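Observations on the model geometry
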Number of protein chains: 2
Amino acid sequence: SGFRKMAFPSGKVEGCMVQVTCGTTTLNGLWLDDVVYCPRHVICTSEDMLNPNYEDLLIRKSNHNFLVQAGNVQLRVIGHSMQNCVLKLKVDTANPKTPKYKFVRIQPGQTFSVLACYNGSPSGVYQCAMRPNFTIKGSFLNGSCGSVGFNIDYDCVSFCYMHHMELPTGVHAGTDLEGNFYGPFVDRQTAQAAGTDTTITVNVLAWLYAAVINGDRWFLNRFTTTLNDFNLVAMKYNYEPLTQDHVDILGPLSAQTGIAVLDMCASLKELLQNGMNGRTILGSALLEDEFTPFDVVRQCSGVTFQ
Amino acid sequence: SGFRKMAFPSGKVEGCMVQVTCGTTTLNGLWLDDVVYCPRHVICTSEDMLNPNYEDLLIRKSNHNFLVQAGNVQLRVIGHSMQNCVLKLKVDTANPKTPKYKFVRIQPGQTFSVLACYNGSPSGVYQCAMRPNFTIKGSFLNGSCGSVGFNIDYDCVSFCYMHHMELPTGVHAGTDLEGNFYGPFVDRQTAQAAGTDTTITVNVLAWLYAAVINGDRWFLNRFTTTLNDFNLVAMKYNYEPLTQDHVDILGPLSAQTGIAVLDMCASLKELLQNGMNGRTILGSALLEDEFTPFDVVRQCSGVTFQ
Ligand SMILES: O=Cc1ccc(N2CCN(C(=O)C3=NC(=O)NC(=O)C3)CC2)cc1Cl
Ligand SMILES: O=Cc1ccc(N2CCN(C(=O)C3=NC(=O)NC(=O)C3)CC2)cc1Cl
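Residues numbered from 1 in each chain as written, not as in the entry; some residues may be left out. Chains lettered and ligands numbered in written order. Heavy atoms only, no water.

1. Section: the relation of the copies chain A and chain B
- For the pair chain A and chain B, the superposition axis carries a translation of 0.0 Å, the fit reaches an RMSD of 0.0 Å, and the rotation angle comes to 180°. The symmetry that links the two subunits is that of a two-fold axis. Considering only C-alpha atoms, the part of chain A nearest the rotation axis is A:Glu178, at 4.2 Å.
- Looking at the interface residues of chain A, 100% of them are also at the interface in chain B, so both copies use one shared face. (Least-squares fit on C-alpha atoms. Contact = heavy atoms within 4.5 Å.)

2. Regarding the site of ligand 1
All names here are of chain A.
- Taken together, 18 residues lie around ligand 1, and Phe140, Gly143, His163, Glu166 and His172 are the ones closest in.
- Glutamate 166 places a polar side-chain atom, nitrogen or oxygen, 3.0 Å from a nitrogen atom of ligand 1.
- Of the residues in the shell around ligand 1, the class split is 8 nonpolar, 7 polar and 3 charged. (Near = heavy atom within 4 Å. Polar contact = N/O pair within 3.5 Å; in protein donor to acceptor, adjacent residues only side chain to side chain. Nonpolar A, V, L, I, M, F, W, Y, C, P; charged D, E, K, R; others polar.)

3. Thoughts on the domain arrangement of chain A
- What the domain assignment reports for chain A is domain 1 (11-91) and domain 2 (201-301).
- Using C-alpha coordinates to define each centre, domain 1 of chain A is positioned 44 Å away from domain 2 of chain A. (Domains from an automatic or database assignment.)

4. Focus: the side chain of A:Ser267
- Relative to the assigned elements, A:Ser267 resides in helix α7 (residues 261-274).
- Non-local contacts of A:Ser267, meaning those with residues more than four positions away in its chain, are made with A:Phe219, A:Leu220 and A:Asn221. (Helix = DSSP H or I, 4+ residues; strand = E, 2+ residues; numbered from the N terminus.)

5. A few points about the site of ligand 2
Residues and elements named next belong to chain B.
- Lining the immediate environment of ligand 2, one finds 18 residues, of which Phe140, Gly143, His163, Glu166 and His172 sit closest.
- In this structure, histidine 163 approaches ligand 2 through a side-chain N or O atom, which is 2.6 Å from an oxygen atom.
- Calculation on ligand 2 without its partners gives an accessible area of 550 Å², and the protein chains cover 82% of this total.
- At 3 residues, strand β12 (residues 156-166) tops the list of elements feeding residues into the shell around ligand 2.
- Its residues assigned to classes, the shell around ligand 2 comprises 8 nonpolar, 7 polar and 3 charged. (Areas by Shrake-Rupley, 256 points an atom, 1.4 Å probe, with all protein chains shown as cover.)

6. Notes on the state of the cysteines
Residue and element names in this part refer to chain B.
- Scanning the entire structure with this criterion turns up 0 disulfides over all chains.
- Counting only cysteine sulfurs, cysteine 117 is the nearest neighbor of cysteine 16, a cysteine outside any disulfide, at a range of 10 Å.
- Since its relative accessible area comes to 0%, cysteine 16 is described here as buried.
- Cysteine 160 takes part in no disulfide bond, and the closest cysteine sulfur, belonging to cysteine 128, lies 8.2 Å away.
- With relative accessibility at 0%, the residue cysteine 160 sits in the buried group. (Disulfide = S-S within 2.5 Å. Buried < 20%, exposed > 50% of the residue type's maximum accessible area, 1.4 Å probe, protein only.)

7. With respect to the sheet that holds strand β7 (residues 86-91) of chain A
Residue and element names in this part refer to chain A.
- Ordered by their spatial adjacency, 7 strands build an open sheet running β5-β4-β1-β2-β3-β7-β6, and the pairing between neighbours is antiparallel. Edge positions in the open sheet fall to β5 (73-75) and β6 (77-83), since each of these has one partner strand only. Across the sheet, the mean angle from the axis of one strand to that of its neighbour is 30°, orientation sign disregarded.
- Judged from the 4 bridges that link them, strand β1 (residues 17-22) and strand β4 (residues 66-70) form a sheet pairing that is antiparallel. (Pairing = 2+ DSSP bridges. Axes fitted to C-alpha atoms, helices over the stretch in contact; angles between N-to-C directions.)

Written as structure tokens, this is what we have:
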């Protein structure tokens, strides 16, 4: 029993984190095979941040301008190139701890683990969701750029996020590992704003199923609603609309608890219109939307990883 | 003078289009160096489309199940792999007409040219925009999957779109060339719906500047507004809000016409609240939002390409 904000074990990723220095700027890089990946704004000085011209800035660099350190061992840079917003540094030594990996782009509402790093050394791991407005509510301080987000499927690490910057509102923005930003952001130090966020409805429903599995049942009722009647109420409270695909995804949780998805939606409808009246669900006084249906199954059924 | 829906010259892309057959299914592929890229649903039969298991379907295939034809010449497949939603077919011959290229992911509101193909042979070229809901309003018939979208920057082709499917509403969905879908869509033949579309405000303003450059001035006025007052009106008409970054992007057009961006916004505000009263702008009776500021500069200043 129990339910926690659970991250993936980080060991396979810790062995890939390096420190990348260019000039007086230091941040984190990801070392897979003989390539080191890092945010391209490592080549920027204070004079360039407001409006960098990355093509000009990169042509004025040579391989020896890039200092890469894997702990104590220094890695010799033998080539460099830019792929969108990511710098790719070819090094002379292939990482012997390279796991089986792939680069995936995730969708809003999906979760992943973040390995927060400073000076190439891992500091902590936590779980977060990609918000509907393509930001993440992370925890990052100065020097954290190049920290990566990942999921583990079996023996394979799926890299999905590299950290680039913090927005004025305190939320965080980055790219996939091909260097393409999540959301309408650019790697310049100008004032950019995120669009309005919404609540991830399918995730709230998965979390309510987790509550039932763990013995929290006070919010259930005998009523049922339709997909259209629910979505009418959800839109008024800034909730993402619910699709038949979402209903199908919740299937394993509906079967395990014997509570139909549309039954659970009627309970959610009541919680939105009347609040929780000072009661809690799984130790929270708010509706939690950063657990996917798969996260709940994993933690309430026990999947491991090799 | 004049203003047309102008596409990029397609010659560099026509030489990369091939036909890919797997079983009784034929579609288009993109042949760059010694790799052919095509939608992975080429390996699906009628029995698999509703809920394909692509990992199982692919392991049951061998290289000789894939027939690749570049016109008359047949290409020998010597390897295959899956990258997200794209199949990568290694062939024995590198494409001698491979241009300088890169894979980019574009943002909603950006435009690109589509080379529509059937049986590996180019049929037509047209310009379109990536909509805010991550669909495109294309023109595709049966057999068009694997057609690509692209921009040309100097001598380099930036591939940004590969066509995968048509949604029930008649709009089109696809992936970038790394196989990651634009929008919350999956390559299954289930009923998926796009979110509500909005009008791309910065593009409408660029088009109004194009009208002024070409002598259409009847909609101008002496008024001016603020960014906040305009965005208040824009939200009511399902227009994307306008950012200071957008204002900066329109700079070259404001300078060439001597009409400040905020002046033009006041004209747009009037057109939204009163309509066009049976008058036209650049031969249209609606506000056009599929030309970017860069498209307008290119066509009203004359950039070519090598
Ligand atoms: O030339 C472009 C450019 C240059 C530098 C830059 N920064 C690097 C240093 N930063 C940090 O280490 C963070 N500090 C925080 O407080 N929070 C974080 O999440 C990360 C800030 C971003 C961003 C850009 Cl776009
Ligand atoms: O197993 C998954 C799967 C299998 C097949 C599939 N199709 C291929 C044939 N199609 C076409 O050639 C189009 N016909 C149109 O009418 N318009 C278009 O834009 C394209 C339809 C899509 C899609 C999926 Cl997702």
